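Shown next as structure tokens: one chain only, the form solved without the ligand.
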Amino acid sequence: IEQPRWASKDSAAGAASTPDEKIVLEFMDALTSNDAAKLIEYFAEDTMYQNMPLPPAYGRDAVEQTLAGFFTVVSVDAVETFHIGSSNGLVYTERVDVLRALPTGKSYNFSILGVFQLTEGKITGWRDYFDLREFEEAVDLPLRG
């Protein structure tokens, strides 16, 4: 997938310049592992993960459960981060995730702006904002929201 017209060099992923920005970019790379056990290592005990506005997962256990269930029906084939930046303890990623439904083989491009909060290098909060119209079809799980 190509770089959008509005992409700004000043905030490109390769220009990450804080420890937290770099950790989040590592996490973005690890997403294609489709491995909840690998991914949960990035989270603190006191944490949350939410695909807005679906019910949020609070605590590391719930997060791991959610990720595991997700990777049961969907593969993250690619993550392209156009922008990374940070402010007042929050890290922002403007990106596209390519998701593939395991039962159907259909692929989906999701334009996503996500916010991360890290405490001592571990994720205490992750909220992704994107259009969920196709997320329902892409994920063979009830959304519950």
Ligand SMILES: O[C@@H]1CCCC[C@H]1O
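We number the residues from 1 along the sequence you see.
FYI, the form solved in complex with the ligand isn't displayed, but the following is about it.
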Inset, instruction - Counting non-hydrogen atoms within 4.5 angstroms of the ligand in the deposited bound form, say which of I40, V76, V115, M48 makes the cut. - result: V76
Legend entry - 4.5 Å heavy atom contact, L31 and the ligand in the deposited bound form: yes
Inset, instruction - Evaluate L67 for contact with the ligand in the deposited bound form, applying a 4.5 angstroms cut-off between non-hydrogen atoms, and reply yes or no. - result: yes
Inset, instruction - Answer yes if any heavy atom of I84 is within 4.5 Å of a heavy atom of the ligand in the deposited bound form; otherwise answer no. - result: no
Inset, instruction - Answer with yes or no whether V91 is in contact with the ligand in the deposited bound form, where contact means some heavy atom within 4.5 Å. - result: no
